[PDB]
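Structural overview for review
Residues per chain are reported as follows:
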Amino acid sequence: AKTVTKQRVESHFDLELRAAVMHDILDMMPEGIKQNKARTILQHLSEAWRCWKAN
Amino acid sequence: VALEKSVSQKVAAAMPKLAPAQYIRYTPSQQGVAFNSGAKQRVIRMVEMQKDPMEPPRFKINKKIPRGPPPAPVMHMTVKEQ
Amino acid sequence: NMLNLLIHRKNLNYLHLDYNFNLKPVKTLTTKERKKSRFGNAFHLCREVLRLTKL
Amino acid sequence: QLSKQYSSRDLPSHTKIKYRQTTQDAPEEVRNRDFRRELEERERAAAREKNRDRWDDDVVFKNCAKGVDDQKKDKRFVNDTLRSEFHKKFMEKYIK
Amino acid sequence: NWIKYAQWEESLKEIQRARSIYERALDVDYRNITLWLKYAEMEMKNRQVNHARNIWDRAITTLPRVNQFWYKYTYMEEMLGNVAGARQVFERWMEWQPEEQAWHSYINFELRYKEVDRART
RNA sequence: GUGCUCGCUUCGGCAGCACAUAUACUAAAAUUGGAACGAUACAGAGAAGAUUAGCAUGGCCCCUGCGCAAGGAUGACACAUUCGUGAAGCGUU
Ligand SMILES: [Mg+2]
Ligand SMILES: [Mg+2]
Ligand SMILES: [Mg+2]
Ligand SMILES: [Mg+2]
């Protein structure tokens, strides 16, 4: 067991955001049936987040 | 009641004495009349061995072995959609 | 005797415990030896309490 | 195969369970209550309370500050992090 | 990765190992239909009729909706010559009230033999 | 072994009785096979061109640590052209 902590918080929040989106949407979006763009949809996520950081 | 029993065992760790002499009567499965002196049964007095209170944990538990493996039946696309 | 047995138990042959409970090292230590030889507060606390009683 | 290891956190604490009391709001009271009436009357009371509560001969410019009554920008809550009024205030304060 | 490993041991005719690989793969993901087809296929290639029979039964039991399993199962029995067996399978299959095509295949099955009364039924 | 039988009865022996009731990983041994982070030897730090700060994720990988703390190299580990077979099922000429 490991306890959330200051060193780990930013990593933690993004970890469980990637998981939040992954579970939600791949249990939400589907019918690709094979693998639906999980790597890709998440890359769209990080891309969008960078874009909003760059305005 | 059942849960409480279980809990007490777990809690035994947190709180670091047994005195029962208990007898048992045994029937073997070999028999044959020359196997014992010549008794269909034997009797054994079971005694719990006394543990040395300053004895450290004897042996090492850390070792790790991969999780073990039937699925219930499930019972539950257009080109354009694809 | 306890503390020497602990020391030996771990094969720390380059430490030396004297009779007034000062834990010293025999030789200048190698990096690896230094890692392995550290005791935590539990051992040192015990050692110092014993020192007090020996006084 | 249960380890003799321990930890500080694990030790006893709050071994007693605080059961709710009668004035705290034991389930007995709750079962008997007609909540709907209570909720209505409280609501009414709240409403009532609310009701009770409520020269220079020379210049470029004639008055700019005519009808400028603040506006409800701090009454609007906005679900948008960069256009919330809180964010504006923060941005105003900390950058030069 | 699972499949390639299974295939390699199959090629060396170490099929007991292969079986264990397939079972382990199934433990990971029992829903994967390619996996099951490769497993049953492997048994059939090595003439292990009864193993294959077991496997087919499992596949249709746990993933009844997969029509590929049913079509292959009946085909295998037909090839083996066991018309009765195939009929039994199809009767099980029909309990799931499947798809127009499945019913057609059952009827056609009957019509490869005279069995017109059966077909009509 | 101790005591007692107005025991046989001398002071020796013998008898009766009472009390007293099951130690111990027996070895002061013999054998049997994993580890030292020793030296030596070879080789030589993740991320992008380089130099580096790091938190993480996963567990037939651990170590230090009382620790649900923190460290161990971020501990290590993580390597644009253009189609057709073969079989089966279904409907049709
Ligand atoms: Mg750090
Ligand atoms: Mg560094
Ligand atoms: Mg670390
Ligand atoms: Mg790491």
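Thresholds applied
Residues numbered from 1 in each chain as written, not as in the entry; some residues may be left out. Chains lettered and ligands numbered in written order. Part of a larger assembly, values for the part shown. Heavy atoms only, no water. Residues with missing side-chain atoms left out of burial classes, pairs and counts. Contact = heavy atoms within 4.5 Å. Buried area = accessible area lost by both parts, 1.4 Å probe. Salt bridge = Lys/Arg side-chain N within 4 Å of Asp/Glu carboxyl O. Polar contact = N/O pair within 3.5 Å; in protein donor to acceptor, adjacent residues only side chain to side chain. Nonpolar A, V, L, I, M, F, W, Y, C, P; charged D, E, K, R; others polar. Near = heavy atom within 4 Å. Helix = DSSP H or I, 4+ residues; strand = E, 2+ residues; numbered from the N terminus. Core = buried A, V, L, I, M, F, W, Y, C linked by side-chain atoms within 4.5 Å. Buried < 20%, exposed > 50% of the residue type's maximum accessible area, 1.4 Å probe, protein only. Patch = residues over 30% accessible without salt bridge, like charges linked within 9 Å, V, L, I, M, F, W, Y side chains within 5 Å. Areas by Shrake-Rupley, 256 points an atom, 1.4 Å probe, with all protein chains shown as cover. Pairing = 2+ DSSP bridges.

Per the deposited record, cryo-EM is how this structure was determined, to a resolution of 4.90 Å.

Quick look at the interface of chain B and chain D now. The partner chain D presents five residues to the seven residues of chain B that form the contact. Both sides together, the interface formed by chain B and chain D hides about 410 Å², and carbon and sulfur atoms give 75% of it. Where chain B touches chain D, the interface holds zero salt bridges. Taken together, the connections running from chain B to chain D amount to two residue pairs in polar contact. Grouping the amino acids of the side of chain B that touches chain D by side-chain chemistry returns six nonpolar, no polar and one charged.

Moving on to the protein's contact with RNA strand F. Inspection of the region around RNA strand F gives 23 residues, with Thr3, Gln7 and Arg8 of chain A, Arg38 of chain C together with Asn108 of chain E positioned closest. Those atoms of RNA strand F that come within 4 Å of the protein belong to sugar or phosphate at a rate of 86%. Elements represented by at least two residues in the surface near RNA strand F include exactly α1 (9-26) of chain A, α3 (41-54) of chain C together with α7 (100-110) of chain E. The biggest single contributor to the surface near RNA strand F is α7 of chain E, with three residues. When grouped by side-chain class, the residues that make up the surface near RNA strand F number five nonpolar, 10 polar and eight charged.

Before going further, it helps to spend a moment on the nonpolar core. Within soluble globular proteins, side chains that are nonpolar tend to cluster in buried spots. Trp36 and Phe69 of chain E are the most contacted members of the largest nonpolar core, which totals 32 residues. With six residues, helix α2 (residues 15-28) of chain E is the largest single contributor of residues to this core. Grouped together as the second largest cluster of nonpolar side chains are nine residues, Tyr14, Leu15, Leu17 and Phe43 of chain C included.

Taken together, the contact between chain E and chain B spans seven residues of the former and five residues of the latter. Of the roughly 650 Å² buried where chain E meets chain B, counting both sides, 73% is carbon and sulfur surface. Seen at the junction of chain E and chain B, the total is zero salt bridges. Where chain E meets chain B, there are zero residue pairs in polar contact. When its residues are assigned to classes, the side of chain E that touches chain B shows three nonpolar, two polar and two charged.

Another point: a nonpolar patch on the surface. Residue and element names in this part refer to chain D. A surface patch of nonpolar side chains, amounting to about 550 Å² of accessible area, comprises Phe86, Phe90, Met91, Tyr94 and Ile95. Following the sequence through the fold, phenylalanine 90 ends up in helix α3 (residues 85-94). On the basis of relative accessibility, which here comes to 35%, the residue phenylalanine 90 falls in the partly exposed class.

On to unusual backbone geometry. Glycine aside, residues mostly have negative phi, and peptide bonds are mostly found in the trans state. Residue and element names in this part refer to chain D. Unlike most non-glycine residues, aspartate 56 shows phi in positive territory, near 55°. Looking at the secondary structure, you find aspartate 56 in the loop between α2 (35-53) and α3. Judged by relative accessible area, which is 47%, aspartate 56 ranks as partly exposed. Unusually for a residue other than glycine, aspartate 70 sits at a positive phi of about 65°. The residue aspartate 70 is located in the loop between α2 and α3 in this model.

All names here are of chain E. Looking at where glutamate 78 falls in the secondary structure, it is placed in helix α5 (residues 67-80). The buried category is assigned to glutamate 78, whose relative accessible area is 14%. Of the polar contacts made by the side chain of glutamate 78, one reaches the side chain of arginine 112; its length is 2.7 Å. Beyond its immediate stretch of four places on either side in the chain, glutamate 78 contacts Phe109, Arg112 and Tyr113.

Residue and element names in this part refer to chain B. Burial analysis of strand β2 (residues 42-47) places just zero of its six residues in the buried class, which makes it a mostly uncovered element. Across six bridges, strand β1 (residues 21-26) lies against β2 in antiparallel orientation. Bridge pairing links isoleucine 24 to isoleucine 44 in β2.

Right, let's get into the side chain of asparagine 46 of chain E. On the secondary structure map, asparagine 46 of chain E appears in the loop between α3 (33-45) and α4 (49-62). Its relative accessible area of 15% is what places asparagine 46 of chain E among the buried residues.

This part takes up the pattern of salt bridges. Inspection of the entire model under this criterion finds 24 salt bridges over all chains. Among the ionic pairs, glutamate 55 of chain B bridges to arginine 58 of chain B, the shortest N-O distance being 2.5 Å. With a relative accessible area of 58%, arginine 58 of chain B lands in the exposed category. For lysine 38 of chain E, the salt bridge identified is with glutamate 41 of chain E, shortest N-O distance 4.0 Å.

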